[PDB]
2 protein chains.
Amino acid sequence: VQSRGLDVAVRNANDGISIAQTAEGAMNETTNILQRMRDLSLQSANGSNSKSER
Amino acid sequence: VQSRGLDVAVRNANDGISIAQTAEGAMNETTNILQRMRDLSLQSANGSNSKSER
């Protein structure tokens, strides 16, 4: 019983890794988008840009 | 009388071991079925599973 249990337990833990790894991957794109948004924001602050550019 | 009786007694005990042996064999499948139920249950507990899976 203990062994057969550890086997299903291993699979269950593997699913744990899958859910988390899927999320980390998505949050990678999230981080990238935010960084780009930051760049555009600093570009906007420059007094040179006119209202149309902002 | 004693000898003839002991023969009948031996037959009785053999048939007694028969009833017991049959029973033990059946309860063996019981243990196997219960063990699989445990595996399925621990598999359900894993948070990854969704209502459909459970």
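Residues numbered from 1 in each chain as written, not as in the entry; some residues may be left out. Chains lettered and ligands numbered in written order. Part of a larger assembly, values for the part shown. Heavy atoms only, no water.

In terms of determination method and resolution, the entry is listed under cryo-EM at 2.45 Å.

A. Quick peek at the packing of helix 1 (residues 2–45) of chain A against helix 1 (residues 2–45) of chain B. Running from N to C, helix 1 of chain A and helix 1 of chain B point in directions that differ by 20°, and their axes come no closer than 9 Å. With respect to helix 1 of chain B, the element helix 1 of chain A is oriented roughly parallel. Where helix 1 of chain A crosses over helix 1 of chain B, the handedness of that crossing is right-handed. Contacts from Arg4(A), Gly5(A), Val8(A), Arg11(A) and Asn12(A) in helix 1 of chain A reach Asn32(B), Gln35(B), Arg36(B), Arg38(B), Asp39(B), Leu42(B) and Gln43(B) in helix 1 of chain B. Classifying every residue of the contact of helix 1 of chain A with helix 1 of chain B by side-chain character gives 2 nonpolar, 5 polar and 5 charged. (Axes fitted to C-alpha atoms, helices over the stretch in contact; angles between N-to-C directions. Helix = DSSP H or I, 4+ residues; strand = E, 2+ residues; numbered from the N terminus. Parallel < 35°, antiparallel > 145°, perpendicular 65-115°, else oblique. Left-handed = near helix turned anticlockwise from the far one by under 90°. Contact = heavy atoms within 4.5 Å. Nonpolar A, V, L, I, M, F, W, Y, C, P; charged D, E, K, R; others polar.)

B. Layout of the side chain of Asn49(B). One can find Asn49(B) in the segment after helix 1. Each residue touching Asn49(B), except ones within four places of it in the same chain, is listed here: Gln43(B), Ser44(B) and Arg54(B).

C. Representation of the environment of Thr30(A) within the structure. All names here are of chain A. As for its position among the elements, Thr30 is in helix 1. Overall, the relative accessible area of 41% leaves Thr30 in the partly exposed class. For the pair formed by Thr30 and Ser52, sequence separation is 22 residues and the distance between their alpha carbons is 28 Å. (Buried < 20%, exposed > 50% of the residue type's maximum accessible area, 1.4 Å probe, protein only.)

D. Here's a closer look at the interface of chain B and chain A. The interface of chain B with chain A comprises 9 residues on the first partner and 8 residues on the second. When the buried area of chain B at its contact with chain A is split by residue, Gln35(B), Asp39(B) and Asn46(B) rank highest and sum to 47% of it. At the boundary of chain B with chain A, the tally comes to 1 salt bridge. For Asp39(B), the salt bridge goes to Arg4(A), with nearest N and O atoms at 2.9 Å. (Buried area = accessible area lost by both parts, 1.4 Å probe. Salt bridge = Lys/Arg side-chain N within 4 Å of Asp/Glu carboxyl O.)

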